[PDB]
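[1] PDB entry and its sequence, pasted below:
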Amino acid sequence: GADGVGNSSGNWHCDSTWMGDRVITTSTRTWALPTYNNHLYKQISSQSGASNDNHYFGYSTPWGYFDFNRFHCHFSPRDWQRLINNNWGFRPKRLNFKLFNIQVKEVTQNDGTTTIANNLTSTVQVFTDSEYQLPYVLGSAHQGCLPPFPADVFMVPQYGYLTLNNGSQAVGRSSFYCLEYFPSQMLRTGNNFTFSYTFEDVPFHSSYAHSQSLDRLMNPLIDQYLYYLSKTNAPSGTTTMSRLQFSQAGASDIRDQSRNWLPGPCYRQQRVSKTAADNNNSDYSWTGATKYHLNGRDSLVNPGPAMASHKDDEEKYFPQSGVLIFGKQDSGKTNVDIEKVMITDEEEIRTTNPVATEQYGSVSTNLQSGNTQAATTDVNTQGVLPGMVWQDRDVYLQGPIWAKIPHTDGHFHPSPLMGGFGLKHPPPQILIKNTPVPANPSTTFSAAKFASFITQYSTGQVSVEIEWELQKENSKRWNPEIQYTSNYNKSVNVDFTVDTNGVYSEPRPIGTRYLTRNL
Amino acid sequence: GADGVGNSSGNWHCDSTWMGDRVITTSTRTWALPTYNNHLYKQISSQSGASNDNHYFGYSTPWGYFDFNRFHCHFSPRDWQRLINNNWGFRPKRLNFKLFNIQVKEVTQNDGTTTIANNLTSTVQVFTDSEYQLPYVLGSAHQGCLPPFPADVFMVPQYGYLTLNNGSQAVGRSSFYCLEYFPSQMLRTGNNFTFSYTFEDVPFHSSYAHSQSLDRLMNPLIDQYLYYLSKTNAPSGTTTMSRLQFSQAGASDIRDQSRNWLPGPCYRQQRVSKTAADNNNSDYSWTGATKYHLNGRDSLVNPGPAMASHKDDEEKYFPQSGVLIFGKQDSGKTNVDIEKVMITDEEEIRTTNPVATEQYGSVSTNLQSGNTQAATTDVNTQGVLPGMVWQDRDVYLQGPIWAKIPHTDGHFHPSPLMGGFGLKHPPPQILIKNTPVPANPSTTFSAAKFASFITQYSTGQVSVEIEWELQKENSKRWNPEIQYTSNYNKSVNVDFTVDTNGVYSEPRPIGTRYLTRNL
Amino acid sequence: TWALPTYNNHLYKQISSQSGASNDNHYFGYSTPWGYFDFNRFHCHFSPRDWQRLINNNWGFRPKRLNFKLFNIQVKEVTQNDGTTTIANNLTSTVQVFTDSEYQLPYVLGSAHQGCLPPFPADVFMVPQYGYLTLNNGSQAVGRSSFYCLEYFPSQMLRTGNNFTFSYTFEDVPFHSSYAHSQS
Amino acid sequence: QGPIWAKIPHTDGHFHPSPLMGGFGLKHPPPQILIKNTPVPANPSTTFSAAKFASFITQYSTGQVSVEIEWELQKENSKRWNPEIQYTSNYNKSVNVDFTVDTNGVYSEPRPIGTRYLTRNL
Amino acid sequence: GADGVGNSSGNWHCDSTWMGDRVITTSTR
């Protein structure tokens, strides 16, 4: 599609369509793109005095990129409620992306007074990295996605990446990418850009909670035909003697029954309380944290493998670094109080996954004998074993959607730990840049590269449409289920609306696990 | 094929052909086969005074076997350089094997003077174990493969195997195999033997190194929208109070960012230095070694799961038993100095795999509270967790190629730990034997089995051709890459050549990971 | 991306060596108001990684054919009122382009001059000015020296919205020897 | 970073016409491409004058240029046994990576790179 | 060509032939 100056190159599409087992969400936003880095590539690195854990080396490019990797970019709160109250699972199917109504504007800063004017002949460059040749920076939970509220205008974030480093320096293996070394399409006002994408096959996300516990799967009315060791000594005349005795497990001793499965793996975290007085009076945010050690550096495990946030009757506690934490509206960046953030809770999976702040279990450490008593120890980290079952972390209305699976020789259960769908060929990155326009050149030749350009930026509309496949529930449960609902009581503001000043805000995080399912 | 005495039954084929995404390597050697065990099967077992860890029971057969399970049996150094400098991966596709120009010769040892003569009517027996019914002894890194230099003549190794043992004795379950109980083809001088084989589907070997680190995958320019616990106490009047505070991770605190993946598993090894003075003055080669315990026996873990050999700026260190160690030319068998061996290095995988001599990470062990401080401990062994990614051990020009996957109920990521391709149906074993020729018998009947034979051996040519599938690199990296190269400076000998005495030698081990790839 | 100024203030000018120059440095010629495009350096076409691929795996190479394109023209007028510069589009102005496909002008490429395309694709470069030398006798000219008016060629005029392309086929040349001899 | 071609001078005789600075000698090299801004006269006088114009509107131009070249390769067919010399990057650490930009955005080429690494018999 | 032990695999050719503007020389050692 291409036409003149006075022709819109696209329309505004924003709604959702529910049809059978599909739902199609399309959203449109308006964006603004500045000139980053003053048209330059720049090598960046960590500060000289930074600790060894915080060293890095990389580059920052003059390009921007579009990002729609959060659920609230596509679902309204009402649409999210429809989804989570009536379906056991869902997954993305295909995607459509469109960029249109481009406007480039030049700025003049004469005498502290700014004048903005159209530049009808300038252009912007766009290309999609459909072969995954650039370092993939999506899927790191960065800011700069499409806003949740359709009436908001957002700035396009700048592209940059990191490569191998040795302290603050680079090594011979580190690679540098010039994004101008890709074929890209140049658009003037009156051109548009589209492409399509098909998701690979992925398992449905489990939008349910189990109505049974992994350790409670037996018939409570019938005993087992297997025996377990129930007593190791028996009373003799005024004393005891070693004597093995066996029993069949029933309901009275349900903890001893033979079982076929084991709970999911574990990697223990430290426990903190939402009540301030319960926590220790010290700075253990890093010393008491759970981390992994890679190439001599320590890195915080956050949020880590999916484990239950707490056991029953203990909502006040949560793992130190084991849950997603969103910020309330207009909360700051650094060292905000607990009233400014929204802490998620993964308690629905405590039917199969162990609690994040307890041990996995206990194993024996010695060989008991006539003169040696049996000894056990706690297991604070347990890799996977044959016979384990577990659930993955839940997804949230304002959480990520997908993540690119790293191209490696091996990987196990490649669902991203922050939640979502792991894809070997995720939706490609979409890079965009204003073409530089040089200022008045000299009338005598000079071989030095240009350094004076016309100050300008661009704006336009972006739309993205995604088809999702649903998995309807088929429960024979008799009593009603738990549903997500709004409270009826009066209040100064309605949730998920704007306030008197025009600020849209999301008052709480919303998971997906409300319906139930048998184990 | 079959013809007379004065007809060659085959030609000499030895070269490589590069065509598109295939490379076909064919090699030919001349072999010599003695008479092993004096035509007998013999039960063998460990010495009576051996330690319990070294007990064994088995048999030695009068058969030999052909082995070409090392890369330098097929690739010249120049061909290996072509492969590793231009491809991201490779794998075997199909195989052709041929045995021809058999000559049997009888030896006479009259009066200390040896006379060798042709025996035109004697024969050799050959068969391929195409149904995997014999114990598979290939894939244990044994000597006796085809020589790397095509002009060398090699002796065929003897076949033998081990079965179940109880100390130095056997058990009822142990099995005994008579190789004469197989259909085999008998060849006189003038017959040849061929067969073909097709490799099953296996993943390409990763001939690249990652240009990104697993803990450095974010955009260093944009903060996350997630929060982490950054401070646990705050200053009060001349004191502190417990108070939780949260921050959004950026580049300044990059170690705290939320991430989607975890490094590969770990099994910690002891660290030793190539500088003699750095190591302890004691004998810790066995006491300080990492081992596994199976049926009451301890067995050294060598080389074990793939972990990085060292962190940056520490080339002098290497895990005690975590790397492949090749010997230099003409180095001895027992207790040679470090200058006689070539120690490999797996540093290219420290972007995803933990260092072999460090802990995997740290986990909390208790529950902090108003009067209890948080405590952590190191994790020295970590089984696989959902969300882990890792690389496999590299392959080398003089290392093994494949290994037979044991026929068991379960196995996880069945790539052999010494490196290479794991096959459920590997290339079959090829057994060969000289047919016994009895000496002058008595003229009166005797039921005792024969014990006097004509001393003889055999020789001939062997050829093997393998097709390999290549995976070409498609990088958009701007700066040049690292390549394997020869040094230009003058020297007394050229590498990978013969010396003044005719001895071919390989001066260093050569891996495959030179090109780079994004994570 | 390129930028083209107005050279010589739209004039042709006779140029010559200084009066006091040594005899070895005398010259006579002209400078034209035209610019010219130049891509006669290898790094205009090969990235360092591409150059490495070439030289590590091939014994020789040579060019075969060529495609050239000029597009997205923008003409801008400058106003220097009161030391303050204002730049604006001039939608109706044009640029002239032509290729000397019959080798009738003095060929100044192939003298290792600056002004080629930059090696890094993100750089913006200025188009160099065209000029040539002819026969001279000291600082003066002779009757044999020739003068070329470039407006005396058919050229294509482009407004913003027009583009210019052409194609070219290299003649047969021997491969460049990308090897070293292993014998003396 | 060296030249590619050079035009062979149109003369009666020449010997081995490969340009001495290196590259390919062509009798019909890629043609020159000339470009110029068309002059736009400024405000003229309202009474006729035969003198040529001397006042123009100050202006310049900008745009994009693209060039595509096809190259024919000659693959090596060596039977050499030992490995060859290849161009490679050094692995050791450094403040900047070669053939990249620095912290200020300046691209630089740290060394000249020839073509003669593979070997051939005489 | 291939045969047994008691078969010559070739003959002795050694002479020259002059015909017009050609000359064919064959030698055996």
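    It's in. Numbers count the residues shown, from 1 in each chain, chains lettered A, B, ... in the order given.
[2] tell me the SS of residue A:228?
    State at residue A:228, reduced to three classes by DSSP: H, G, I helix; E, B strand; the rest coil: strand.
[3] test my guess that it contacts residue A:250.
    No: counting by C-beta atoms under 8 Å, residue A:228 sits too far from residue A:250 to count as a contact (11.2 Å). Every C-beta, even on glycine, is put in place using the N, C-alpha and C of the backbone.
[4] quick check: neighbours shared by the two?
    Taking C-beta atoms under 8 Å, 6 or more residues apart in numbering or on different chains as the contact rule, residue A:228 and residue A:250 touch no residue in common.
[5] would it be right to say that residue A:209 lies in a strand?
    Yes: membership of residue A:209 in a strand is supported by three-state DSSP.
[6] who touches the closest residue to chain E within the stretch 151-300 of chain A in this structure?
    Distance from chain E to each residue of the stretch 151-300 of chain A (C-beta to the nearest C-beta) is smallest for residue A:173, at 57.0 Å. With contact set as C-beta under 8 Å, 6+ apart, residue A:173 has these partners: A:164, B:209, B:211, B:482, B:516, D:91.
[7] are any of those buried, and which?
    For the contacts of residue A:173, a neighbour count by 16 or more other C-beta atoms under 10 Å in any protein chain shown gives the buried set as A:164, B:209, B:211, B:482, B:516.
[8] so which of these is the closest to chain D?
    residue B:482 (5.3 Å).
[9] enumerate the residues of chain A near chain D.
    A:37, A:40-45, A:59, A:166-167, A:169-174, A:176, A:186, A:435, A:437-438, A:440-441 (C-beta under 8 Å from any C-beta of the partner chain).
[10] restricted to helices, list those.
    For these, membership in helices holds for none, with DSSP state H as the criterion.
[11] and the most centrally placed residue in chain A, what does it touch?
    Residue closest to the average C-alpha location in chain A (C-alpha atoms, centre = their mean): residue A:400, at 3.6 Å. Neighbouring residues of residue A:400 by C-beta under 8 Å, 6+ apart: A:69, A:70, A:71, A:139, A:141, A:416, A:418, A:419, A:420.
[12] name whatever forms a beta bridge with it.
    Under DSSP bridges, the beta-bridge partners of residue A:400 are residue A:70.
[13] look up how far chain C lies from residue A:237.
    From residue A:237 across to chain C, the span is 89 Å (C-beta to the nearest C-beta, to the nearest Å).
[14] look through chain A and state the residue closest to chain E.
    Counting by C-beta to the nearest C-beta, chain A gets nearest chain E through residue A:409, at 51.0 Å.
[15] you'd agree that residue is up against residue B:394?
    No: using C-beta under 8 Å, residue A:409 makes no contact with residue B:394, being 10.5 Å away.
[16] show me where the stretch 351-500 of chain A has strands.
    A:361-364, A:376-379, A:381-382, A:402-404, A:410-411, A:421-423, A:430-434, A:456-472 (DSSP state E, counting those that start in this stretch).
[17] pull up the pairing partners for the fourth one, direction included.
    Here strand A:402-404 has these sheet partners by DSSP bridges: strand A:421-423 (parallel).
[18] picking that back up, tell me the contacts of the residue of chain A closest to chain E?
    Here residue A:409 is in contact with B:203, B:206, B:390, B:391, B:392, B:415 (C-beta under 8 Å, 6+ apart).
[19] how about a cut-off of 10 Å?
    B:89, B:203-206, B:264, B:306, B:349, B:352-353, B:389-393, B:413, B:415 (C-beta atoms under 10 Å, 6 or more residues apart in numbering or on different chains).
[20] next one: residue A:96
    Residue A:96 touches A:13, A:24, A:26, A:194, A:195, A:196, A:197, A:463, A:464, A:465, A:466, A:467, counting by C-beta under 10 Å, 6+ apart.
[21] ok, residue A:184 next?
    Applying C-beta under 10 Å, 6+ apart, the residues near residue A:184 are A:63, A:124, A:125, A:126, A:127, A:128, A:193, A:431, A:432, A:433, A:435.
[22] same check, this time on residue A:332
    Shown in contact with residue A:332 (C-beta under 10 Å, 6+ apart): A:340, B:246, B:247, B:248.
[23] okay, and which of those residues map to strands?
    Per DSSP state E, strands hold the following members of those: B:246, B:247, B:248.
[24] is the second one in a bridge, and if so with what?
    Each beta-bridge partner of residue B:247 is listed here, defined by DSSP bridges: residue B:228.
[25] hang on, the earlier thing: quick check: neighbours shared by residue A:409 and residue B:394?
    Common neighbours of residue A:409 and residue B:394 (C-beta under 10 Å, 6+ apart) are B:205, B:206, B:306, B:349.
[26] between the residues you listed, which is closest to chain C?
    residue B:206 (19.8 Å).
[27] isn't that closest one right next to residue B:512, touching?
    Yes: if you go by C-beta atoms under 10 Å, residue B:206 and residue B:512 touch, sitting 8.1 Å apart.
[28] can you check which residues contact both of those two?
    Here residue B:206 and residue B:512 share the contacting residues B:88, B:89, B:90, B:348, B:394, B:395, scored by C-beta under 10 Å, 6+ apart.
[29] need the max-distance pair from the residues you listed.
    The span of those, defined through C-beta to C-beta, is set by B:90 and B:348 at 16.7 Å.
[30] so what's the residue lying closest to residue A:207 once chain neighbours are set aside up against?
    Once flanking residues are discounted, residue A:207 sits nearest to residue A:512: 4.3 Å by C-beta to C-beta, 6 or more residues apart in numbering or on different chains. Going by C-beta under 10 Å, 6+ apart, residue A:512 touches A:71, A:80, A:83-85, A:87-90, A:205-209, A:348, A:394-397, A:399, A:419, A:484.
[31] likewise residue A:461?
    Residue A:461 sits next to A:8-13, A:28-31, A:98-103, A:192 when contact means C-beta under 10 Å, 6+ apart.
[32] show me what contacts the closest residue to chain B within chain A?
    Closest to chain B within chain A is residue A:383: 1.8 Å, counting by C-beta to the nearest C-beta. Neighbour list for residue A:383: A:265, A:266, A:267, A:412, B:265, B:266, B:381, B:382, B:383, B:384, B:385, B:388 [criterion: C-beta under 10 Å, 6+ apart].
[33] hey, where'd the strands end up in the stretch 151-300 of chain A?
    Using DSSP E, counting those that start in this stretch, strands in the stretch 151-300 of chain A cover A:153-155, A:158-163, A:185-187, A:193-198, A:205-206, A:208-210, A:227-236, A:239-248, A:266-267, A:271-273, A:291-294, A:297-300.
[34] other residues contacting the fourth one?
    Meaning strand A:193-198. Counting contacts by C-beta under 10 Å, 6+ apart, the residues outside strand A:193-198 that touch it are A:1, A:9-10, A:92-100, A:102, A:124, A:126-128, A:130, A:184-187, A:425-428, A:430, A:432, A:460, A:462-463, A:465-467.
[35] among the contacts of residue A:461, which lie within strands?
    With strands defined by DSSP E, the entries of the contacts of residue A:461 inside them are A:28, A:29, A:30, A:31, A:98, A:99, A:100, A:101, A:102, A:103.
[36] for the fourth one, give me its contacts.
    Right, the one you point to is residue A:31. For residue A:31, the contact set (C-beta under 10 Å, 6+ apart) comprises A:64, A:66, A:99, A:146-147, A:153-156, A:432, A:458-462.
[37] now the third one
    Listed by C-beta under 10 Å, 6+ apart, the contact set of residue A:30 reads A:12, A:101, A:147, A:150, A:151, A:152, A:153, A:154, A:459, A:460, A:461, A:462.
[38] which one is residue A:431 nearest to, not counting chain neighbours?
    residue A:63 (4.7 Å).
[39] please identify the helix or strand for the one you found.
    strand A:57-66 (DSSP states H and E).
[40] so which elements touch whichever helix or strand comes after that strand?
    Proceeding N to C from strand A:57-66, the next assigned helix or strand is helix A:77-86, under DSSP H and E. Other helices and strands packing on helix A:77-86, by 3 or more C-beta pairs under 10 Å, 6 or more residues apart in numbering or on different chains; DSSP states H and E, are strand A:15-19, strand A:22-33, strand A:456-472, strand A:515-517.
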